[PDB]
$ cat entry-v2.cif   # mmCIF, C-alpha atoms
data_data
#
loop_
_atom_site.group_PDB
_atom_site.id
_atom_site.type_symbol
_atom_site.label_atom_id
_atom_site.label_comp_id
_atom_site.auth_asym_id
_atom_site.auth_seq_id
_atom_site.Cartn_x
_atom_site.Cartn_y
_atom_site.Cartn_z
ATOM 1 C CA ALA A 1 44.940 -19.841 -9.182
ATOM 2 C CA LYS A 2 45.920 -19.137 -5.599
ATOM 3 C CA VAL A 3 48.641 -16.682 -4.792
ATOM 4 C CA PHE A 4 49.787 -18.242 -1.508
ATOM 5 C CA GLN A 5 50.318 -21.776 -0.243
ATOM 6 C CA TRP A 6 47.667 -21.095 2.416
ATOM 7 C CA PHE A 7 44.916 -18.560 2.880
ATOM 8 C CA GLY A 8 42.025 -18.903 5.303
ATOM 9 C CA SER A 9 40.503 -18.123 8.653
ATOM 10 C CA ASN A 10 40.557 -18.750 12.362
ATOM 11 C CA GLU A 11 37.503 -20.708 13.563
ATOM 12 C CA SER A 12 37.115 -19.474 17.131
ATOM 13 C CA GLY A 13 34.789 -20.653 19.926
ATOM 14 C CA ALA A 14 36.264 -23.743 21.656
ATOM 15 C CA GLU A 15 38.496 -21.441 23.667
ATOM 16 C CA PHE A 16 35.688 -19.067 24.684
ATOM 17 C CA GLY A 17 34.856 -18.506 28.325
ATOM 18 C CA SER A 18 38.310 -19.483 29.465
ATOM 19 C CA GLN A 19 37.669 -18.424 33.064
ATOM 20 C CA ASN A 20 35.453 -21.485 33.278
ATOM 21 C CA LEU A 21 37.406 -24.706 33.319
ATOM 22 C CA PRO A 22 36.404 -27.262 32.200
ATOM 23 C CA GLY A 23 33.266 -25.239 31.458
ATOM 24 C CA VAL A 24 30.272 -26.574 29.589
ATOM 25 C CA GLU A 25 29.969 -27.037 25.832
ATOM 26 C CA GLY A 26 27.140 -24.951 24.418
ATOM 27 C CA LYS A 27 27.226 -22.611 27.409
ATOM 28 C CA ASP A 28 30.812 -21.423 27.867
ATOM 29 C CA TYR A 29 32.312 -22.518 24.520
ATOM 30 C CA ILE A 30 31.253 -23.962 21.131
ATOM 31 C CA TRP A 31 32.985 -25.700 18.271
ATOM 32 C CA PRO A 32 33.040 -24.365 14.707
ATOM 33 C CA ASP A 33 30.173 -24.974 12.326
ATOM 34 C CA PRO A 34 31.255 -27.322 9.514
ATOM 35 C CA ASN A 35 28.567 -25.880 7.266
ATOM 36 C CA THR A 36 29.972 -22.406 7.389
ATOM 37 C CA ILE A 37 33.532 -23.701 6.989
ATOM 38 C CA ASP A 38 32.245 -25.335 3.804
ATOM 39 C CA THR A 39 31.122 -21.945 2.564
ATOM 40 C CA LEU A 40 34.572 -20.439 3.204
ATOM 41 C CA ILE A 41 36.150 -23.363 1.357
ATOM 42 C CA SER A 42 33.839 -22.658 -1.602
ATOM 43 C CA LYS A 43 35.193 -19.098 -1.597
ATOM 44 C CA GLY A 44 38.729 -20.451 -1.939
ATOM 45 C CA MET A 45 40.026 -20.639 1.602
ATOM 46 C CA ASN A 46 42.185 -23.698 2.243
ATOM 47 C CA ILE A 47 43.300 -23.405 5.904
ATOM 48 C CA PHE A 48 41.324 -23.147 9.136
ATOM 49 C CA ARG A 49 42.900 -22.480 12.522
ATOM 50 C CA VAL A 50 41.083 -24.018 15.485
ATOM 51 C CA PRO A 51 41.790 -22.537 18.922
ATOM 52 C CA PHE A 52 41.127 -24.710 21.962
ATOM 53 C CA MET A 53 42.176 -24.677 25.611
ATOM 54 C CA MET A 54 44.941 -27.010 26.755
ATOM 55 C CA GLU A 55 43.169 -27.446 30.106
ATOM 56 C CA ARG A 56 39.953 -28.588 28.451
ATOM 57 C CA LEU A 57 41.749 -31.054 26.197
ATOM 58 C CA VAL A 58 44.148 -32.421 28.807
ATOM 59 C CA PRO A 59 42.836 -31.441 32.219
ATOM 60 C CA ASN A 60 44.806 -30.820 35.429
ATOM 61 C CA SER A 61 48.221 -32.067 34.282
ATOM 62 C CA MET A 62 49.359 -31.636 30.702
ATOM 63 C CA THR A 63 51.088 -35.031 30.919
ATOM 64 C CA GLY A 64 47.782 -36.787 31.611
ATOM 65 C CA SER A 65 45.052 -38.346 29.522
ATOM 66 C CA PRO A 66 42.908 -36.272 27.247
ATOM 67 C CA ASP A 67 39.290 -35.487 28.049
ATOM 68 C CA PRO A 68 37.406 -37.807 25.688
ATOM 69 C CA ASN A 69 34.382 -35.520 25.045
ATOM 70 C CA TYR A 70 36.340 -32.333 24.300
ATOM 71 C CA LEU A 71 38.838 -34.357 22.268
ATOM 72 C CA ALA A 72 35.958 -35.863 20.326
ATOM 73 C CA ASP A 73 34.868 -32.428 19.181
ATOM 74 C CA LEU A 74 38.423 -31.362 18.331
ATOM 75 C CA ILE A 75 38.765 -34.475 16.195
ATOM 76 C CA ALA A 76 35.408 -33.987 14.583
ATOM 77 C CA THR A 77 36.197 -30.373 13.723
ATOM 78 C CA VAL A 78 39.644 -31.119 12.407
ATOM 79 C CA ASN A 79 38.698 -34.141 10.338
ATOM 80 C CA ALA A 80 35.727 -32.351 8.841
ATOM 81 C CA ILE A 81 38.110 -29.661 7.537
ATOM 82 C CA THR A 82 40.660 -32.183 6.205
ATOM 83 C CA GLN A 83 37.954 -34.406 4.615
ATOM 84 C CA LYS A 84 37.280 -31.377 2.404
ATOM 85 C CA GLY A 85 40.998 -31.144 1.509
ATOM 86 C CA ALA A 86 41.702 -28.071 3.566
ATOM 87 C CA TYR A 87 44.395 -27.770 6.216
ATOM 88 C CA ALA A 88 43.376 -27.719 9.879
ATOM 89 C CA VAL A 89 45.587 -25.933 12.423
ATOM 90 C CA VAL A 90 45.420 -27.394 15.939
ATOM 91 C CA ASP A 91 45.991 -24.338 18.167
ATOM 92 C CA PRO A 92 46.365 -24.718 21.958
ATOM 93 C CA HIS A 93 45.364 -21.083 22.509
ATOM 94 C CA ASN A 94 47.248 -20.780 25.706
ATOM 95 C CA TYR A 95 49.784 -17.921 25.723
ATOM 96 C CA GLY A 96 52.559 -20.141 26.971
ATOM 97 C CA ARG A 97 50.523 -20.744 30.119
ATOM 98 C CA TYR A 98 48.584 -23.619 31.706
ATOM 99 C CA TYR A 99 46.051 -22.688 34.416
ATOM 100 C CA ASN A 100 47.438 -19.185 33.901
ATOM 101 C CA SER A 101 50.985 -20.158 34.988
ATOM 102 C CA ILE A 102 53.952 -20.114 32.614
ATOM 103 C CA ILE A 103 54.784 -23.543 31.187
ATOM 104 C CA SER A 104 58.214 -23.971 32.705
ATOM 105 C CA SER A 105 58.778 -27.642 31.910
ATOM 106 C CA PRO A 106 59.705 -28.431 28.322
ATOM 107 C CA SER A 107 59.474 -32.121 29.140
ATOM 108 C CA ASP A 108 55.881 -31.809 30.378
ATOM 109 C CA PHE A 109 55.061 -29.839 27.232
ATOM 110 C CA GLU A 110 56.697 -32.474 25.044
ATOM 111 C CA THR A 111 54.468 -35.156 26.588
ATOM 112 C CA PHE A 112 51.403 -32.945 25.969
ATOM 113 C CA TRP A 113 52.451 -32.658 22.354
ATOM 114 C CA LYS A 114 53.076 -36.378 21.855
ATOM 115 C CA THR A 115 49.582 -36.924 23.254
ATOM 116 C CA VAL A 116 48.020 -34.410 20.891
ATOM 117 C CA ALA A 117 50.000 -35.378 17.812
ATOM 118 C CA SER A 118 49.199 -39.072 18.362
ATOM 119 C CA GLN A 119 45.520 -38.213 17.752
ATOM 120 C CA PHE A 120 46.325 -36.945 14.231
ATOM 121 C CA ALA A 121 49.567 -38.691 13.307
ATOM 122 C CA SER A 122 48.497 -40.082 9.962
ATOM 123 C CA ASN A 123 46.597 -37.032 8.724
ATOM 124 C CA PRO A 124 48.923 -34.960 6.509
ATOM 125 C CA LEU A 125 46.494 -32.003 6.389
ATOM 126 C CA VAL A 126 46.704 -31.321 10.129
ATOM 127 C CA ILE A 127 49.077 -28.555 11.129
ATOM 128 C CA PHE A 128 50.296 -28.418 14.702
ATOM 129 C CA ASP A 129 50.652 -24.933 16.292
ATOM 130 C CA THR A 130 52.876 -25.137 19.347
ATOM 131 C CA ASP A 131 51.040 -22.484 21.353
ATOM 132 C CA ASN A 132 49.267 -19.197 20.663
ATOM 133 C CA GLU A 133 51.168 -16.042 21.528
ATOM 134 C CA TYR A 134 53.881 -16.692 24.039
ATOM 135 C CA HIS A 135 54.530 -13.465 26.007
ATOM 136 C CA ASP A 136 56.163 -11.964 29.087
ATOM 137 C CA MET A 137 58.403 -14.978 29.697
ATOM 138 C CA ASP A 138 62.010 -16.094 29.296
ATOM 139 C CA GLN A 139 63.195 -16.029 25.694
ATOM 140 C CA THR A 140 65.262 -19.219 25.925
ATOM 141 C CA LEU A 141 62.209 -20.918 27.479
ATOM 142 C CA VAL A 142 60.118 -19.934 24.468
ATOM 143 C CA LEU A 143 62.687 -21.504 22.157
ATOM 144 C CA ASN A 144 62.817 -24.640 24.296
ATOM 145 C CA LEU A 145 59.051 -24.997 24.472
ATOM 146 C CA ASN A 146 58.781 -24.745 20.695
ATOM 147 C CA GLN A 147 61.525 -27.375 20.348
ATOM 148 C CA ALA A 148 59.886 -29.644 22.913
ATOM 149 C CA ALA A 149 56.645 -29.442 20.943
ATOM 150 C CA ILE A 150 58.364 -30.366 17.702
ATOM 151 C CA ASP A 151 60.155 -33.260 19.385
ATOM 152 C CA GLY A 152 56.939 -34.590 20.902
ATOM 153 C CA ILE A 153 55.065 -34.311 17.609
ATOM 154 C CA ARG A 154 57.726 -36.111 15.585
ATOM 155 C CA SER A 155 58.145 -38.772 18.330
ATOM 156 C CA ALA A 156 54.477 -39.718 17.758
ATOM 157 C CA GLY A 157 55.216 -40.512 14.133
ATOM 158 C CA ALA A 158 53.429 -37.357 13.001
ATOM 159 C CA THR A 159 56.139 -36.604 10.422
ATOM 160 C CA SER A 160 54.160 -35.444 7.394
ATOM 161 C CA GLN A 161 52.650 -32.362 9.037
ATOM 162 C CA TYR A 162 53.730 -28.769 9.105
ATOM 163 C CA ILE A 163 54.443 -27.280 12.509
ATOM 164 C CA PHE A 164 53.659 -23.632 13.154
ATOM 165 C CA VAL A 165 56.041 -22.260 15.751
ATOM 166 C CA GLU A 166 55.230 -19.006 17.609
ATOM 167 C CA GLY A 167 57.490 -16.517 19.251
ATOM 168 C CA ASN A 168 57.493 -14.301 22.286
ATOM 169 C CA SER A 169 55.998 -10.797 22.262
ATOM 170 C CA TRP A 170 52.640 -12.291 21.311
ATOM 171 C CA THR A 171 54.387 -13.600 18.147
ATOM 172 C CA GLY A 172 53.957 -10.130 16.625
ATOM 173 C CA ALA A 173 55.519 -9.626 13.196
ATOM 174 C CA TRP A 174 56.408 -6.025 13.889
ATOM 175 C CA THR A 175 58.425 -6.962 16.969
ATOM 176 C CA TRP A 176 59.906 -10.209 15.616
ATOM 177 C CA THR A 177 63.448 -9.393 14.700
ATOM 178 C CA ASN A 178 64.711 -7.914 17.931
ATOM 179 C CA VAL A 179 62.801 -10.289 20.194
ATOM 180 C CA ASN A 180 62.626 -13.631 18.488
ATOM 181 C CA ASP A 181 65.933 -13.954 16.638
ATOM 182 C CA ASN A 182 66.837 -17.033 18.679
ATOM 183 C CA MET A 183 63.879 -18.881 17.111
ATOM 184 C CA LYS A 184 66.024 -19.423 14.011
ATOM 185 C CA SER A 185 67.750 -22.279 15.881
ATOM 186 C CA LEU A 186 64.645 -24.504 16.006
ATOM 187 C CA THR A 187 65.198 -27.879 14.380
ATOM 188 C CA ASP A 188 62.842 -30.391 12.731
ATOM 189 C CA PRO A 189 63.880 -33.632 11.075
ATOM 190 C CA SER A 190 60.928 -33.282 8.729
ATOM 191 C CA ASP A 191 62.009 -29.739 7.666
ATOM 192 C CA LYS A 192 58.463 -28.437 7.967
ATOM 193 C CA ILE A 193 58.767 -25.529 10.451
ATOM 194 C CA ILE A 194 56.708 -22.445 9.551
ATOM 195 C CA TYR A 195 57.241 -19.318 11.633
ATOM 196 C CA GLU A 196 53.758 -18.081 12.551
ATOM 197 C CA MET A 197 53.490 -14.370 13.300
ATOM 198 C CA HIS A 198 50.448 -12.274 14.157
ATOM 199 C CA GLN A 199 49.897 -8.749 12.915
ATOM 200 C CA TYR A 200 47.158 -6.330 13.886
ATOM 201 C CA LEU A 201 46.786 -2.833 12.477
ATOM 202 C CA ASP A 202 45.489 -0.692 15.325
ATOM 203 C CA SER A 203 47.691 1.630 17.359
ATOM 204 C CA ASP A 204 49.109 -0.853 19.831
ATOM 205 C CA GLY A 205 48.849 -3.934 17.582
ATOM 206 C CA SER A 206 46.401 -5.613 19.930
ATOM 207 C CA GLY A 207 43.640 -6.095 17.418
ATOM 208 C CA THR A 208 41.033 -4.702 19.623
ATOM 209 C CA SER A 209 40.056 -1.529 17.700
ATOM 210 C CA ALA A 210 38.448 -1.420 14.208
ATOM 211 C CA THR A 211 40.570 1.684 13.475
ATOM 212 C CA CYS A 212 43.874 1.186 11.693
ATOM 213 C CA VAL A 213 46.869 3.513 12.150
ATOM 214 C CA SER A 214 47.227 4.182 8.411
ATOM 215 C CA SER A 215 46.642 2.772 4.939
ATOM 216 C CA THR A 216 50.202 1.295 4.788
ATOM 217 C CA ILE A 217 50.606 0.064 8.376
ATOM 218 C CA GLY A 218 50.378 -3.644 7.542
ATOM 219 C CA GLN A 219 53.147 -3.614 4.977
ATOM 220 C CA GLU A 220 55.196 -1.415 7.308
ATOM 221 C CA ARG A 221 54.768 -3.732 10.266
ATOM 222 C CA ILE A 222 55.764 -6.941 8.423
ATOM 223 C CA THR A 223 58.758 -5.558 6.453
ATOM 224 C CA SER A 224 61.464 -6.314 9.095
ATOM 225 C CA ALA A 225 60.082 -9.817 9.587
ATOM 226 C CA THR A 226 60.111 -10.437 5.867
ATOM 227 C CA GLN A 227 63.828 -9.582 5.704
ATOM 228 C CA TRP A 228 64.546 -11.769 8.736
ATOM 229 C CA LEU A 229 62.851 -14.754 7.197
ATOM 230 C CA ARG A 230 64.773 -14.306 3.945
ATOM 231 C CA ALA A 231 68.131 -13.719 5.620
ATOM 232 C CA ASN A 232 67.642 -16.900 7.677
ATOM 233 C CA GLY A 233 66.194 -19.072 4.916
ATOM 234 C CA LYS A 234 62.904 -19.547 6.805
ATOM 235 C CA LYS A 235 59.274 -19.627 5.850
ATOM 236 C CA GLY A 236 56.543 -17.654 7.645
ATOM 237 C CA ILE A 237 52.791 -17.396 7.905
ATOM 238 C CA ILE A 238 50.600 -14.615 9.240
ATOM 239 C CA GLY A 239 48.422 -16.788 11.518
ATOM 240 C CA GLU A 240 46.202 -13.912 12.687
ATOM 241 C CA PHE A 241 45.497 -10.533 11.135
ATOM 242 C CA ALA A 242 42.437 -8.294 10.985
ATOM 243 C CA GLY A 243 41.237 -4.753 10.446
ATOM 244 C CA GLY A 244 37.934 -2.970 10.585
ATOM 245 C CA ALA A 245 35.515 -2.761 7.652
ATOM 246 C CA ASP A 246 36.567 0.754 6.745
ATOM 247 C CA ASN A 247 38.586 2.450 4.067
ATOM 248 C CA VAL A 248 41.926 2.877 5.836
ATOM 249 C CA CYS A 249 41.975 -0.720 7.156
ATOM 250 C CA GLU A 250 40.868 -2.203 3.801
ATOM 251 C CA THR A 251 43.681 -0.283 2.069
ATOM 252 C CA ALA A 252 46.149 -1.469 4.722
ATOM 253 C CA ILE A 253 44.991 -5.084 4.274
ATOM 254 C CA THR A 254 45.315 -4.934 0.511
ATOM 255 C CA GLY A 255 48.675 -3.263 0.817
ATOM 256 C CA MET A 256 49.956 -5.874 3.244
ATOM 257 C CA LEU A 257 48.727 -8.844 1.237
ATOM 258 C CA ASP A 258 50.047 -7.330 -2.007
ATOM 259 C CA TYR A 259 53.408 -6.871 -0.293
ATOM 260 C CA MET A 260 53.306 -10.501 0.881
ATOM 261 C CA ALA A 261 52.439 -11.623 -2.674
ATOM 262 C CA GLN A 262 55.737 -10.032 -3.818
ATOM 263 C CA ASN A 263 57.612 -12.045 -1.168
ATOM 264 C CA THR A 264 56.257 -15.538 -1.491
ATOM 265 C CA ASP A 265 59.710 -16.915 -1.252
ATOM 266 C CA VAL A 266 59.198 -16.422 2.528
ATOM 267 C CA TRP A 267 55.464 -15.879 3.057
ATOM 268 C CA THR A 268 53.334 -19.021 2.855
ATOM 269 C CA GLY A 269 50.106 -17.072 3.335
ATOM 270 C CA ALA A 270 47.714 -15.554 5.864
ATOM 271 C CA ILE A 271 44.869 -16.441 8.234
ATOM 272 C CA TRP A 272 42.185 -13.948 9.205
ATOM 273 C CA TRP A 273 41.020 -13.442 12.794
ATOM 274 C CA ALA A 274 38.219 -14.651 12.992
ATOM 275 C CA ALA A 275 35.254 -16.784 11.933
ATOM 276 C CA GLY A 276 33.261 -18.945 14.363
ATOM 277 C CA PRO A 277 29.616 -19.158 15.430
ATOM 278 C CA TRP A 278 29.529 -16.927 18.509
ATOM 279 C CA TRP A 279 30.795 -13.622 17.188
ATOM 280 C CA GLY A 280 27.549 -11.808 16.204
ATOM 281 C CA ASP A 281 28.279 -8.210 15.123
ATOM 282 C CA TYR A 282 32.021 -8.560 16.081
ATOM 283 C CA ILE A 283 34.118 -6.019 14.163
ATOM 284 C CA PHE A 284 36.283 -8.769 12.593
ATOM 285 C CA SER A 285 33.755 -11.569 12.021
ATOM 286 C CA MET A 286 34.450 -13.708 8.941
ATOM 287 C CA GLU A 287 31.581 -16.031 9.718
ATOM 288 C CA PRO A 288 29.241 -16.701 6.775
ATOM 289 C CA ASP A 289 26.758 -15.432 5.833
ATOM 290 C CA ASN A 290 26.432 -12.217 7.824
ATOM 291 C CA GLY A 291 29.791 -11.455 9.489
ATOM 292 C CA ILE A 292 30.951 -8.003 8.671
ATOM 293 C CA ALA A 293 34.345 -9.162 7.427
ATOM 294 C CA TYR A 294 32.631 -11.978 5.506
ATOM 295 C CA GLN A 295 30.658 -9.390 3.650
ATOM 296 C CA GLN A 296 33.062 -6.467 3.352
ATOM 297 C CA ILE A 297 36.589 -7.914 3.685
ATOM 298 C CA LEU A 298 36.252 -11.228 1.858
ATOM 299 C CA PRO A 299 35.858 -9.262 -1.466
ATOM 300 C CA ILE A 300 39.311 -7.791 -0.948
ATOM 301 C CA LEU A 301 40.759 -11.252 -0.103
ATOM 302 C CA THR A 302 39.313 -13.004 -3.133
ATOM 303 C CA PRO A 303 42.061 -11.720 -5.380
ATOM 304 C CA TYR A 304 44.452 -13.969 -3.535
ATOM 305 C CA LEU A 305 42.309 -17.093 -3.869
#
$ encode --input "entry-v2.cif" --output "structure tokens"
Amino acid sequence: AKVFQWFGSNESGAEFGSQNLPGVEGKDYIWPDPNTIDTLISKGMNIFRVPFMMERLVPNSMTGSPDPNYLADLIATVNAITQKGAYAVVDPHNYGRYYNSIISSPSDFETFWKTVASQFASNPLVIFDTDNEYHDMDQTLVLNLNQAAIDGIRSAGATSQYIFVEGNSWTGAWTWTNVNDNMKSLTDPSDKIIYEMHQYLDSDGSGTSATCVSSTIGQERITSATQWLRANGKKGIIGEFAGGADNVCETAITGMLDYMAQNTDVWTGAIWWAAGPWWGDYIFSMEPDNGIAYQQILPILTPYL
């Protein structure tokens, strides 16, 4: 059986070409392929994270009406995942920013989240992710935006679903404890907050190089966060991680996941970055049937499924 509550992949593409807003489906961005998601489910993956742009889903003002056509594809993608019994993570992949300006109004953000959650309120397999990778912004604001999201979600009657909260510092696991301590004060009447951290293995933790620092760097970089979660009685997820298809990265990945598997009292699982249809020869592609991580990394993930 499965080692973790959740183990799966990001399904990237709806957030592509972000300099073009709204942009054009099939030209600037694309939604995930349900057929290749099905393949990942057959391999044992049970969670799929779906990035999208806030501005494409709710144009101009985040308190306004959704765009019906982009919403239609978000719904279709999400419900196709959940119809197969997998969890679907709704990820406004926005960096704490809307038209590249910091989201400074928790109340506006709460209305955005009631709008979004109302589209999925009765689906217990949807997971709401408040925002991808807050960074370079006020730490109390980040707390308040996460809380506003939770409040908006629950106000819509979407009470069955987990909520993935994200911290500042690009929600990095390695930087969590001295940046994001205040995030322990988030509240949820459903008691379904998961602290989503991201952890890359290259020098600067940006996940842009296929080269990992060392064969133990993953374990090393999530150790402090693991202790923080335990000390605070919280649960976490690694919502993005990756490494190159090479020996040092594969060893680091195994080491990190084996470490997590020893600490399942706090770690709910892990989500690879990334599958999706427009990655080609991308160093981290988990897209069946020919992504490099699909072919060379999935065999080292299978032990957890």
$ closest_residue --input "entry-v2.cif" --among "A:251, A:295, A:146, A:159" --to "residue 190 of chain A" --atoms "all atoms listed in the file"
A:159
$ residues_around --input "entry-v2.cif" --residues "residue 228 of chain A" --least-positions-apart "6" --cutoff "12 Å" --atoms "only C-alpha atoms" --output "PDB file with C-alpha atoms, keeping the file's coordinate frame"
ATOM      1  CA  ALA A 173      55.519  -9.626  13.196  1.00  0.00           C
ATOM      2  CA  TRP A 174      56.408  -6.025  13.889  1.00  0.00           C
ATOM      3  CA  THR A 175      58.425  -6.962  16.969  1.00  0.00           C
ATOM      4  CA  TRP A 176      59.906 -10.209  15.616  1.00  0.00           C
ATOM      5  CA  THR A 177      63.448  -9.393  14.700  1.00  0.00           C
ATOM      6  CA  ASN A 178      64.711  -7.914  17.931  1.00  0.00           C
ATOM      7  CA  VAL A 179      62.801 -10.289  20.194  1.00  0.00           C
ATOM      8  CA  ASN A 180      62.626 -13.631  18.488  1.00  0.00           C
ATOM      9  CA  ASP A 181      65.933 -13.954  16.638  1.00  0.00           C
ATOM     10  CA  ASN A 182      66.837 -17.033  18.679  1.00  0.00           C
ATOM     11  CA  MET A 183      63.879 -18.881  17.111  1.00  0.00           C
ATOM     12  CA  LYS A 184      66.024 -19.423  14.011  1.00  0.00           C
ATOM     13  CA  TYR A 195      57.241 -19.318  11.633  1.00  0.00           C
ATOM     14  CA  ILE A 222      55.764  -6.941   8.423  1.00  0.00           C
ATOM     15  CA  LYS A 234      62.904 -19.547   6.805  1.00  0.00           C
ATOM     16  CA  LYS A 235      59.274 -19.627   5.850  1.00  0.00           C
ATOM     17  CA  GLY A 236      56.543 -17.654   7.645  1.00  0.00           C
ATOM     18  CA  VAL A 266      59.198 -16.422   2.528  1.00  0.00           C
ATOM     19  CA  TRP A 267      55.464 -15.879   3.057  1.00  0.00           C
TER      20      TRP A 267
END
$ closest_residue --input "entry-v2.cif" --among "A:213, A:117, A:261, A:270" --to "residue 198 of chain A" --atoms "all atoms listed in the file"
A:270
$ resolve_selection --input "entry-v2.cif" --expression "the PyMOL selection byres ((chain A and resi 34-48) around 6)" --output "PyMOL selection string"
chain A and resi 7-10+33+49+86-88+288+305
$ closest_residue --input "entry-v2.cif" --among "A:169, A:161, A:107, A:285" --to "residue 149 of chain A" --atoms "only C-alpha atoms"
A:107
$ residues_around --input "entry-v2.cif" --residues "residue 29 of chain A" --least-positions-apart "2" --cutoff "6 Å" --atoms "all atoms listed in the file" --output "number ranges by chain"
A: 13-14, 16, 25-27
$ closest_residue --input "entry-v2.cif" --among "A:292, A:193, A:260, A:127" --to "residue 210 of chain A" --atoms "all atoms listed in the file"
A:292
$ resolve_selection --input "entry-v2.cif" --expression "the PyMOL selection byres ((chain A and resi 215) around 8)" --output "list in words"
residues 212, 213, 214, 216, 217, 218, 248, 249, 250, 251, 252 and 255 of chain A
$ axis_aligned_box --input "entry-v2.cif" --around "segment 164-172 of chain A" --padding-each-side "4 Å" --output "AutoDock Vina command-line options"
--center_x 55.1 --center_y -16.9 --center_z 17.7 --size_x 12.9 --size_y 21.5 --size_z 17.1
$ resolve_selection --input "entry-v2.cif" --expression "the PyMOL selection byres ((chain A and resi 71) around 10)" --output "ChimeraX atom specification"
/A:52,56-58,66-70,72-77,116,119
$ atom_distance --input "entry-v2.cif" --atom1 "atom CA of residue 254 of chain A" --atom2 "atom CA of residue 219 of chain A"
9.1 Å
$ closest_residue --input "entry-v2.cif" --among "A:102, A:227, A:95, A:115" --to "residue 170 of chain A" --atoms "all atoms listed in the file"
A:95
$ residues_near_point --input "entry-v2.cif" --point "(28.7, -2.3, 13.8)" --cutoff "10 Å" --atoms "all atoms listed in the file" --output "VMD selection string"
chain A and resid 210 244 to 245 280 to 283 292
$ write_last_selection --input "entry-v2.cif" --atoms "C-alpha atoms" --output "PDB file, in the coordinates of the input"
ATOM      1  CA  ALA A 210      38.448  -1.420  14.208  1.00  0.00           C
ATOM      2  CA  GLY A 244      37.934  -2.970  10.585  1.00  0.00           C
ATOM      3  CA  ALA A 245      35.515  -2.761   7.652  1.00  0.00           C
ATOM      4  CA  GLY A 280      27.549 -11.808  16.204  1.00  0.00           C
ATOM      5  CA  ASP A 281      28.279  -8.210  15.123  1.00  0.00           C
ATOM      6  CA  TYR A 282      32.021  -8.560  16.081  1.00  0.00           C
ATOM      7  CA  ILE A 283      34.118  -6.019  14.163  1.00  0.00           C
ATOM      8  CA  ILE A 292      30.951  -8.003   8.671  1.00  0.00           C
TER       9      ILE A 292
END
$ residues_around --input "entry-v2.cif" --residues "residue 59 of chain A" --least-positions-apart "4" --cutoff "10 Å" --atoms "all atoms listed in the file" --output "ChimeraX atom specification"
/A:21-22,53-55,63-67,98-99
